[PDB]
Amino acid sequence: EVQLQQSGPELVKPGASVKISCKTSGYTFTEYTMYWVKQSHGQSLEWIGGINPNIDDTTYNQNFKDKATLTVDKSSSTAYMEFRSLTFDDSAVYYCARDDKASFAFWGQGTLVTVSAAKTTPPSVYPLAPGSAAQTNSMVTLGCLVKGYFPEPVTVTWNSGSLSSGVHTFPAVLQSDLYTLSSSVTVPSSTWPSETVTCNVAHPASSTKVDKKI
Amino acid sequence: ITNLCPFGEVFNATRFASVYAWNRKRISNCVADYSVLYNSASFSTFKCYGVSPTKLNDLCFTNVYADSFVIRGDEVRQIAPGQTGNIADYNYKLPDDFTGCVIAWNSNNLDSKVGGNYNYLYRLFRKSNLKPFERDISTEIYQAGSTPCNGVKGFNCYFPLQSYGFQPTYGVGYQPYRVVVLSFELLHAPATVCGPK
Amino acid sequence: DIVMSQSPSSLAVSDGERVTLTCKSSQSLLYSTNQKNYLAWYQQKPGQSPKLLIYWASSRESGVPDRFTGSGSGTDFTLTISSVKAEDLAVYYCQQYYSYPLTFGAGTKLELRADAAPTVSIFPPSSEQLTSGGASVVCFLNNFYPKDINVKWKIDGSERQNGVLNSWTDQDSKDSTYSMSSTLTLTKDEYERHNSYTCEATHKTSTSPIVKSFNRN
């Protein structure tokens, strides 16, 4: 069909620029038109603009004036989108939309552009345990906090991946330019506190691994 | 012989039409001398497709259609049987069974119009490929994408007829050339326009 | 500009039931020349790119199953599915092609069913947290339904909203329920000046909010 190869993730700072590419293959690049759709706030879709590559015309939205520019490359059949004067609200996933036919518009994979002003810090793990010596419930809950890590995400495993049943992994929240997640599992009372477990995290960007015991 | 028809009026005309609005003057019931057009050697480019120019005196046809338009200097290769290009699929197409000739010459001094000639137009955009010997005069707005435009010159909705930029001081390139296409069609009907006797 | 609205924003659907989605525009999108309604229906899988399903509000694209039937013209438009499946768990959108700029819909996300009841699991702050100079009292709210839940934080009988962070995830496919975490941050000076830390959650399936507390001593 239509192969739309986009760029990978970028980690930039506010005030700088970034470039988003979208390479086409299989069809004529100069025939159809190119569009860009920004997906922000988790589910909301926003229209950036468009640029028919044939005669190089370009139109933009009112929300994206003097911010994004669109250029094409006829020799490489790749489209370009360059953002200038980036803000904290521009942290979203940008998509490459190719209008082949009115029956089906072909979409790419998505370009995750995270813009923030922070340094890569290793995560700090705080174990959690209930303070009640006895309870009526047959199931007990244990917790594990991950605070002060950048950038997202990290892999959080329970008992080196063996405790996979009944695991609730929560997404990260941004506070003071750092991300913070939490995790909790449901443990029966027959093993805890008779047997111990551990909270294993791993950050591939920082290449650090912290093993805390609960 | 009597009743000599002015066959040279299409070559010495005072007003030419555009490529998308090419005229076709029917010539019938006369005698034409073909040595004036080929043996005089006064034209720049001329080539017959399928017939020989020295054998039109003894082999004759029933009807002749004279097509006239003004095209660019590099675009003379698009006036040929089985070609694609900017005007071959949009403005004027010759079929593969074309048995006529194409006579062209450089109209530099007359059709110059220093400052940009804004009279002759041509088609860049069309919804489909043009059939051979078909003329398109109607001027709607082209739609290359899913966007309805009601008289809007905005994005992806423009005019489908531009201007020929003609410059008088330029290495030949896009120079205006007056092309006269004399279609030679031979049918089962009794012949009307033949050569000298 | 041309705006559009969706009604509703979320729908709880079961396997086998038919679902209708309503997309209403602020003006008519009917083009008199082509006699077509310039409106498109999209479907975005969680973690994947959105794909176009219904074009011109009455035609099915090749490769889309026959359950997706589009209808409507002018202002009122309706996307009708005959019988949903497990692969239909996605979010749907509405986009018009009538004029520039192109307007996208709000988004209609489907849910599962039904009847989950929550519990409260309080956690004291760790020893490594107080050594770093701060404190954090958390109580997890897992295995509940629907997602429209509320929680309150009251310290020593006084309600405090400074530092309340909520973390809500998607619906777990194993039990068709939700789980939500609530984190309240505070300093070590505020932890020593106070004794009781309570979090209170309100739910539709309970006539009394579930309370839970723990003491510093």
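Our numbering is plain: 1 for the first residue shown, then up by one each step along the chain.
Looks like electron microscopy, 3.5 Å, at least that's what the header says.
Every residue gets a Cβ built from N, Cα and C, even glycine.
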For this session: Could you identify, going by Swiss-Prot, the member of B:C30, B:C48 that forms a disulphide bond with B:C5?
Result: B:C30
For this session: Scan B:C60, B:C101 and flag the one Swiss-Prot records as disulfide-linked to B:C48.
Result: B:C101
Seminar exercise, completed: For the disulfide-bonded residues B:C48, B:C101, B:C157, the largest set of other C-beta atoms within 10 Å encircles the C-beta of B:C101
Seminar exercise, completed: The correct DSSP tally for the region 'Immunodominant HLA epitope recognized by the CD8+' (B:117-125) reads 0 helix, 2 strand, 7 coil
For this session: Have a look around B:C30 (disulfide bond) and count the other CB atoms within 10 A of its CB, chains all included.
Result: 15
Seminar exercise, completed: Cα of B:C48 (disulfide bond) to Cα of B:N12 (N-linked glycosylation site), in Å and rounded, measures 20
For this session: Just name the most isolated of the disulfide-bonded residues B:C5, B:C60, B:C194, going by other Cβ atoms within 10 Å of its Cβ.
Result: B:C5
For this session: Within 10 Å of each Cβ, count the other Cβ atoms, then let me know which of the recorded positions B:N12, B:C149 comes out lowest.
Result: B:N12
Exercise. Which one is it: of the recorded positions B:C5, B:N12, B:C30, B:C60, B:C157, whose Cα lies the shortest distance from the Cα of B:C101 (disulfide bond)?
Worked result: B:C60
